[PDB]
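Q: Sharing a structure, written as structure tokens. Questions coming.
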Amino acid sequence: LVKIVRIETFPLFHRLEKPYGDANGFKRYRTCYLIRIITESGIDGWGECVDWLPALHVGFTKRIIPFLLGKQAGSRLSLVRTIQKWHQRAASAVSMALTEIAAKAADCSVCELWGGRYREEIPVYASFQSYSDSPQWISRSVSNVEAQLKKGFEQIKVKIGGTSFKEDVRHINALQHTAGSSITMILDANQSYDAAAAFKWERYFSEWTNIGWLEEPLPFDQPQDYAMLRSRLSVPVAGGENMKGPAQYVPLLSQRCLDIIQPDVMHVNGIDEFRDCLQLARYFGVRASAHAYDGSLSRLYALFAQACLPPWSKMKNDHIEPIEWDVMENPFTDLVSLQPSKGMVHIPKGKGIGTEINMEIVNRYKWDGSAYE
Amino acid sequence: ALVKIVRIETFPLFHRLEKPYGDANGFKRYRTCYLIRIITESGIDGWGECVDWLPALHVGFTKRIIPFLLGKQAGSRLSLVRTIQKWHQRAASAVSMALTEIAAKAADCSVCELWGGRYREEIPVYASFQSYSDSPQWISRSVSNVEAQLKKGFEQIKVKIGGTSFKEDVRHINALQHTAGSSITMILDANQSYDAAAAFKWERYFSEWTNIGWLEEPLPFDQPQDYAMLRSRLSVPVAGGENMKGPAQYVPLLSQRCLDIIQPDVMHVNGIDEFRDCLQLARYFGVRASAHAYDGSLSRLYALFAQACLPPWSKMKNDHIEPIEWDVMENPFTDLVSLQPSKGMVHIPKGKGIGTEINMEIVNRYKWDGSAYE
Amino acid sequence: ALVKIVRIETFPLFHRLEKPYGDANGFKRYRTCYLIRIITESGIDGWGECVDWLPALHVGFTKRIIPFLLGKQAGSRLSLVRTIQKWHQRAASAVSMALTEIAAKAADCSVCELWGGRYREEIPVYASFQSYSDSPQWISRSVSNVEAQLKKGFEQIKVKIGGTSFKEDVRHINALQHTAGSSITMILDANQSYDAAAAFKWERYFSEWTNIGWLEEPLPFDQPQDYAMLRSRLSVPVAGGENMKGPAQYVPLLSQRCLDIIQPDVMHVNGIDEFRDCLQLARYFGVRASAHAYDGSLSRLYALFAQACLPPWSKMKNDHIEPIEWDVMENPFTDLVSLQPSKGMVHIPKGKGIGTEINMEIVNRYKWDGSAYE
Amino acid sequence: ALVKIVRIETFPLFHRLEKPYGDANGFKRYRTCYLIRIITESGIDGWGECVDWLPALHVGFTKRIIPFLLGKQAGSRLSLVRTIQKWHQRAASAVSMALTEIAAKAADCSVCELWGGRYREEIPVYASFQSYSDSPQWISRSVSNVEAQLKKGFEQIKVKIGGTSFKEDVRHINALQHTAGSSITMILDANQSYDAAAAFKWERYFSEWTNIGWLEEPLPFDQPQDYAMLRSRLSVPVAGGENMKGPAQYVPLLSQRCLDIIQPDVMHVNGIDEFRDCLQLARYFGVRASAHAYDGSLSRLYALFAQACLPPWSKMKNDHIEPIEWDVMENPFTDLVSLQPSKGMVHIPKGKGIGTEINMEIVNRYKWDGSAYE
Ligand SMILES: [Cl-]
Ligand SMILES: [Mg+2]
Ligand SMILES: [Mg+2]
Ligand SMILES: [Mg+2]
Ligand SMILES: [Mg+2]
């Protein structure tokens, strides 16, 4: 029934019309790497991962597909654990394919397979790559955000830390003026700062009522500086987008470094370990808001996991964290037909993942095999 | 699916011991079991098991938990269990178990496959004894009770200490050592009898012995810092936590480095999902986890499934999965499911749902008469 | 100079093992090596070596790294290595070596001279084993392997523990102890097999034995406080950190007193300049540093240069510089650079550049055929 | 090279101040400077600079350091500098400078190239003031003196506090604030005048001001935890460490989280390589580093080379390298090298060696007569 018989892979690539950036620099293209695992009985499932395409593609064709062929698709935990040793990026796409196969074989949704959802709607924030290579970048950023406010998003993430304090403050004042205090604003510094540089924002944090949090102001090599900065700031501190699993969050949580952890399904070892990241935060008494700069199919899994998470508070209408919703130019958001209405996502409830991968997008963006660069 | 809960049946069971046996908390005079059967619209059913004082347990189910469950969707396990947790902690595990059976039968797979597939099919167990008895010859009764289990190929045992003077406990353990020898692993369970100085008196023996597996719950857990202090001074691992209600209670113990081994019990934690989370929390922290199970047959089977679905704790080809406790004291409820170790290993059922049936003969024979032992 | 990189050559190498060997992570089936040759406008060239799965590595060079390097000034070594590190940390390492050779030949001096001159000309090494093999007779094979290298006049060895039970591992080490005797230093390498309690089991032999150099990476590194706790309980030093990418990673460990000895690896950290920083960091912390080098030949030569340029860690006239790891298992790549210890001491080449030549016969013989090992 | 040291010349220099100035340690009455020139066999030479009381500095060099240095290999810089460090801290730095210049020259490259290549060629600087003068009009003079340098395009300044009442210093700093305005970065240097309570009195001003670069050395360094406590209470960064002898002294300050910015002085640490290690060490700890240079011109040039070779501390495209200290008080030795800011930026010379020459006119003009000041 569930022996693995065939696996198809789909490296996808899109060069950006107009580049955009954060403190790490300008982005020039978006990529994505889908796999389809098919079992003896015909039951199939899809997974997604992200990494530089030439290496990722050879990893799959030379090692992972060779290894998965003939294996029992029902031995999810075991197979993912073995791949995680060679290649953690791939383990995650594998774990998602295998879950969809489990759900379908069980004749239920992924949410049901995990023990039933708590809710049908998940809040998301609009996430922007605020810089662009234009002396008019501030005014482009304002236009961009305006556009999304019109769509009814109530929360936003924008970028700081890539130009001087004076310049970034000017930008965020400009956003405060347009947005107003009913819009929650998240500021992401992409680890540009040290504690003293991040502390400069405190004089603005004191007077602003709408900052949702300050994201990764620092690098993570010194956990004690995060616990120090966090104790000095008037807004929550979030982070952890690059952590590989619950084992790396534990010492951060034990050391009270963060208000909000931010695992990414495609950065951790599998959708089972990602769900463990979320519960772990629940058990430490801290929040968890999934990170998803890249992600479409994996973003659907973060949505299913968030729907199966118990509330973090007793507040009747503020008891579950939003998930990140990239709103920049990215044709891979349409790999699955699912988009927020007024900043809420309505979770698919049909069998499997309750929706289909959109082959027009898969075929439209087939990687031609050459390196940009 | 959208299938509703339509009936729940309850089976309180009771057995008065022929000969009492004990630990540091005193003599046990009886054993008990409380089973439930949840039946859905489609006739799919599942069983759970819990333990607590029978009269209060029985009314928790009949006057609140069952009335609440009737009409609910059996597939809403996470949510139903979470609400029940708030009214009756002990009942949540039983409910969670029975909904898990339902889920696995509904999906036409075993419990372990529901969880993502097992890593192994054999789980090691230790023989767990209530070594105190009501008699001046209790040391010798202990020794032959132990002897009798060693003949069945158990390679590890748990015996009790802290119930009597240090001197007399030493005598007993010394006797067991002379009989068992260095190749049997010995766990000493103090049942929270000691303070740090009292526990430490054992260290002059832990120095010399080479087969002590761990020292179990030497102290109460009010002061976590006293564990990390004791742990640091002793030559054997310290285990504990059989009363913790779930992973949120373990987290500060493991942050403070209080324990080498945690010991969650299915029927003491918040549901089988939370129980699995305790085990994985232990792995994320780098500590071992060996399930506690003084009571339990059906819940112990779930602890076996959980352990089978847990990654190894070490890279030792021969020693990378923790044992689970196997109570070997008189208890007819050990047979509620027909599964027993052979040479100190239990082979996991692979069939659909729980891969096994509950013995209705034992159910009816030990039906509780509804009267309190006192 | 303003001098530009005009050509880059790549040499991935592969060798399938005749007899597998291993550690707690399992058996090794092949060894590989990846060299590069960077050629400048003036014809000055420099070589580098890295390690990683070859399909991926090869494509990273041919598709990203080489395209970026062509036309860059070979003299902007810090700047270039830092760029490459963000993408590909393994590759930056090979790149830094190539550029360092070029700097030294352009300056008409040796690498050590380029760095301010060596403190010494001889560096001690220890013979390093992959002790496990696919055999019921693996212990006596390891004993025979160890005997052989001891006749070469190695005075220290590292062997593997953690891959099988504590009792079997101890039989292995006791066999070694009987054959070597107490004048040979023995390092035990657990490869992150253990948790603190399993590691601590060795303490009762540590107390008795007098020739243990250190216990190597007994635990994973996710919980630094577990290292600090364990280190405080053992009678031998603790060493680790072969997987750390650079000084930044080591700082929290050292602040928290996790380790007696840090073990950076040239090919695991971000280039040779950061590796040397990992060394000095240790000296500033008052802790020892002994380079890791399971794989490595050309890059092991750089760890040798770096050790020769390192201040003494002690005032002991004849015990003041740490040894480096010398892999003694079947590896034809040990001969890419023609350099071997005598009686456990390596005598550093003193000539221009790296003061030695790469053996092209080995490059040409072990050319990778392009396929993966299924 | 095996090229030997054949000749060392020394140049004690002295200038009496036309008008004194100072800080909380009192008024300065003269400037000194002490150059050395080391000549090798092949006739490649190099210069170094140090500072201390001339009489003792002079006999140190003439009777011990010079005798030791003749006949030695100019290439053994690490080794030679380490030995000197033992008897004469301050002299080691001047020697390490000369030998570096010799090294680059023999390499046919600049110093920055020798170190692995610059990241950037312009370095920001701050105008550094000794704000107290012997006069009841000292405030309006400070204001004037500051104004003259703003007119020259410095965008950052350091001034002295802690030598008079809080009330009087605040009046001086308010006047400075009002003239400079919020586009000028102001640094307040307390020269260890205060305890934590007196430093904290400033916080109510720091609350309001937007342009404070940092509070420098507000306390003595005997109690690192008091720096950690203070740092955590103030609204502006804390810097210090100008008298640390090297990386090993900064390490516990950084592990304890005492400082936002360390300030090693090339002439206070054990040589230029050890100085580079201080900067790199701040990087690895996630802290900033801003070179101290009250005295210094040749040494300040090396401090400038080192900063050009340091990676960025932030991802801010316009704000990612720390400025360095530029003394703007009367001192004729600022022209020993012909290098001056333009609009608060120094463009780094790029020629071979130090890429500039010592101005012998200055050297000859200020020859010390051998007398001691009163
Ligand atoms: Cl590691
Ligand atoms: Mg982020
Ligand atoms: Mg217990
Ligand atoms: Mg190692
Ligand atoms: Mg100062």
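Here, A, B, ... name the chains of the structure tokens in the order displayed, residue numbers run from 1 inside each chain, and ligands are numbered from 1 in the same displayed order.
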Which chain D residues are at most 6 Å from chain C (counting only C-alpha atoms), as a PDB file with N, CA and C atoms, in the first residue's frame?
A:
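So the final result, stored in result.pdb, reads:
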ATOM      1  N   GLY D  75      62.465  39.305  11.766  1.00  0.00           N
ATOM      2  CA  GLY D  75      61.301  38.516  11.391  1.00  0.00           C
ATOM      3  C   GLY D  75      60.585  37.809  12.536  1.00  0.00           C
ATOM      4  N   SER D  76      61.247  37.685  13.687  1.00  0.00           N
ATOM      5  CA  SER D  76      60.616  37.022  14.841  1.00  0.00           C
ATOM      6  C   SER D  76      59.820  37.989  15.679  1.00  0.00           C
ATOM      7  N   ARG D  77      58.818  38.626  15.062  1.00  0.00           N
ATOM      8  CA  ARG D  77      58.156  39.751  15.705  1.00  0.00           C
ATOM      9  C   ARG D  77      57.340  39.270  16.900  1.00  0.00           C
ATOM     10  N   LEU D  78      56.570  38.195  16.718  1.00  0.00           N
ATOM     11  CA  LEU D  78      55.693  37.748  17.796  1.00  0.00           C
ATOM     12  C   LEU D  78      56.556  37.464  19.007  1.00  0.00           C
ATOM     13  N   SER D  79      57.565  36.640  18.752  1.00  0.00           N
ATOM     14  CA  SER D  79      58.479  36.123  19.757  1.00  0.00           C
ATOM     15  C   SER D  79      59.273  37.248  20.498  1.00  0.00           C
ATOM     16  N   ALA D 107      58.191  42.777   2.453  1.00  0.00           N
ATOM     17  CA  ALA D 107      57.103  42.167   1.663  1.00  0.00           C
ATOM     18  C   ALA D 107      56.762  42.881   0.352  1.00  0.00           C
ATOM     19  N   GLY D 116      46.338  41.400   5.469  1.00  0.00           N
ATOM     20  CA  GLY D 116      45.303  40.646   4.723  1.00  0.00           C
ATOM     21  C   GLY D 116      44.361  41.518   3.898  1.00  0.00           C
ATOM     22  N   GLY D 117      44.608  42.825   3.901  1.00  0.00           N
ATOM     23  CA  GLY D 117      43.940  43.713   2.972  1.00  0.00           C
ATOM     24  C   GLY D 117      42.833  44.525   3.642  1.00  0.00           C
ATOM     25  N   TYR D 119      39.418  46.644   4.465  1.00  0.00           N
ATOM     26  CA  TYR D 119      38.032  46.668   4.061  1.00  0.00           C
ATOM     27  C   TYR D 119      37.615  48.044   3.484  1.00  0.00           C
ATOM     28  N   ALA D 248      43.504  39.759  27.159  1.00  0.00           N
ATOM     29  CA  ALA D 248      43.133  38.939  28.319  1.00  0.00           C
ATOM     30  C   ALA D 248      42.477  39.774  29.416  1.00  0.00           C
ATOM     31  N   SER D 255      32.717  39.256  29.079  1.00  0.00           N
ATOM     32  CA  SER D 255      31.911  38.138  29.674  1.00  0.00           C
ATOM     33  C   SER D 255      30.926  38.686  30.694  1.00  0.00           C
ATOM     34  N   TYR D 284      34.020  39.578  18.088  1.00  0.00           N
ATOM     35  CA  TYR D 284      33.545  38.269  18.445  1.00  0.00           C
ATOM     36  C   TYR D 284      32.559  38.287  19.612  1.00  0.00           C
TER      37      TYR D 284
END
Q: Could you list, as a VMD selection string, the residues of chain D having an atom within 7 Å of chain A when counting only C-alpha atoms?
A: chain D and resid 237 260 286 to 287 314 to 319
Q: Would you mind exporting the chosen residues as a JSON list (two decimals), in the first residue's frame, restricted to C-alpha atoms?
A:
[["chain", "number", "residue", "atom", "x", "y", "z"],
["D", 237, "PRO", "CA", 26.28, 53.53, 25.93],
["D", 260, "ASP", "CA", 29.23, 48.85, 25.05],
["D", 286, "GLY", "CA", 29.29, 41.66, 19.67],
["D", 287, "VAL", "CA", 30.70, 44.85, 21.23],
["D", 314, "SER", "CA", 26.57, 46.59, 11.90],
["D", 315, "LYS", "CA", 24.58, 46.11, 8.65],
["D", 316, "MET", "CA", 23.83, 49.85, 8.42],
["D", 317, "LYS", "CA", 25.27, 50.80, 5.03],
["D", 318, "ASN", "CA", 26.26, 54.35, 6.38],
["D", 319, "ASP", "CA", 27.09, 53.56, 10.03]]
Q: Which residue, D:98, D:35, D:127, D:229, has the smallest gap to residue D:154 when you use only C-alpha atoms?
A: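 Looking only at the distances to residue D:154, the closest residue turns out to be D:127.
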Q: Return as a PyMOL selection string the residues of protein, DNA or RNA that approach ligand 3 to within 10 Å, with only C-alpha atoms and all ligand atoms taken into account.
A: chain B and resi 128+158+160+188-192+215-218+239-243+262-265+291-294+325
Q: Mind listing the residues within 10 Å of ligand 2, only C-alpha atoms and all ligand atoms counted, as a count of residues only?
A: 26
Q: Any chance you could list, as a PyMOL selection string, the residues in stretch 159-284 of chain D that come up strand (DSSP E) when DSSP is run on the backbone?
A: chain D and resi 159-160+185-189+212-216+238-240+261-262
Q: So that I have them on file, write out the residues from the current selection with N, CA and C atoms, as a PDB file, in the first residue's frame.
A:
ATOM      1  N   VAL D 159      34.486  65.557  25.199  1.00  0.00           N
ATOM      2  CA  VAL D 159      34.844  66.595  26.163  1.00  0.00           C
ATOM      3  C   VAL D 159      34.861  66.008  27.554  1.00  0.00           C
ATOM      4  N   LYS D 160      35.458  66.757  28.477  1.00  0.00           N
ATOM      5  CA  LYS D 160      35.748  66.264  29.789  1.00  0.00           C
ATOM      6  C   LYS D 160      34.722  66.646  30.778  1.00  0.00           C
ATOM      7  N   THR D 185      27.494  64.528  17.402  1.00  0.00           N
ATOM      8  CA  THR D 185      27.683  63.525  18.465  1.00  0.00           C
ATOM      9  C   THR D 185      28.611  64.011  19.563  1.00  0.00           C
ATOM     10  N   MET D 186      28.084  64.010  20.791  1.00  0.00           N
ATOM     11  CA  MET D 186      28.863  64.443  21.935  1.00  0.00           C
ATOM     12  C   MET D 186      29.238  63.258  22.821  1.00  0.00           C
ATOM     13  N   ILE D 187      30.511  63.158  23.167  1.00  0.00           N
ATOM     14  CA  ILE D 187      30.938  62.093  24.014  1.00  0.00           C
ATOM     15  C   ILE D 187      31.351  62.753  25.342  1.00  0.00           C
ATOM     16  N   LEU D 188      30.891  62.244  26.476  1.00  0.00           N
ATOM     17  CA  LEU D 188      31.327  62.785  27.828  1.00  0.00           C
ATOM     18  C   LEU D 188      32.270  61.847  28.503  1.00  0.00           C
ATOM     19  N   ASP D 189      33.493  62.330  28.675  1.00  0.00           N
ATOM     20  CA  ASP D 189      34.548  61.595  29.312  1.00  0.00           C
ATOM     21  C   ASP D 189      34.776  62.035  30.799  1.00  0.00           C
ATOM     22  N   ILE D 212      24.166  61.897  22.386  1.00  0.00           N
ATOM     23  CA  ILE D 212      25.307  61.419  23.217  1.00  0.00           C
ATOM     24  C   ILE D 212      25.905  60.140  22.600  1.00  0.00           C
ATOM     25  N   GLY D 213      27.153  60.200  22.151  1.00  0.00           N
ATOM     26  CA  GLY D 213      27.833  58.989  21.591  1.00  0.00           C
ATOM     27  C   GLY D 213      27.945  57.922  22.669  1.00  0.00           C
ATOM     28  N   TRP D 214      28.505  58.298  23.807  1.00  0.00           N
ATOM     29  CA  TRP D 214      28.673  57.448  24.981  1.00  0.00           C
ATOM     30  C   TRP D 214      29.170  58.200  26.231  1.00  0.00           C
ATOM     31  N   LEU D 215      29.011  57.588  27.399  1.00  0.00           N
ATOM     32  CA  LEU D 215      29.690  58.047  28.626  1.00  0.00           C
ATOM     33  C   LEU D 215      30.976  57.216  28.811  1.00  0.00           C
ATOM     34  N   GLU D 216      32.109  57.898  28.774  1.00  0.00           N
ATOM     35  CA  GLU D 216      33.399  57.241  28.801  1.00  0.00           C
ATOM     36  C   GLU D 216      33.988  57.157  30.235  1.00  0.00           C
ATOM     37  N   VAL D 238      28.157  52.946  27.400  1.00  0.00           N
ATOM     38  CA  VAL D 238      29.353  53.135  28.232  1.00  0.00           C
ATOM     39  C   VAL D 238      30.541  52.520  27.499  1.00  0.00           C
ATOM     40  N   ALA D 239      31.627  53.270  27.453  1.00  0.00           N
ATOM     41  CA  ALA D 239      32.915  52.860  26.889  1.00  0.00           C
ATOM     42  C   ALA D 239      34.033  52.960  27.887  1.00  0.00           C
ATOM     43  N   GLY D 240      35.077  52.141  27.730  1.00  0.00           N
ATOM     44  CA  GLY D 240      36.261  52.308  28.534  1.00  0.00           C
ATOM     45  C   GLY D 240      37.290  51.249  28.233  1.00  0.00           C
ATOM     46  N   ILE D 261      31.502  49.600  24.426  1.00  0.00           N
ATOM     47  CA  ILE D 261      32.545  49.957  23.495  1.00  0.00           C
ATOM     48  C   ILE D 261      33.808  49.858  24.302  1.00  0.00           C
ATOM     49  N   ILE D 262      34.800  49.131  23.830  1.00  0.00           N
ATOM     50  CA  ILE D 262      36.117  49.110  24.467  1.00  0.00           C
ATOM     51  C   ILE D 262      37.055  50.112  23.730  1.00  0.00           C
TER      52      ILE D 262
END
Q: For residue D:24, find every residue with an atom within 7 Å (counting only C-alpha atoms), except residues of its own chain fewer than 6 positions away, and show them as a PyMOL selection string.
A: chain D and resi 161-163+191+193
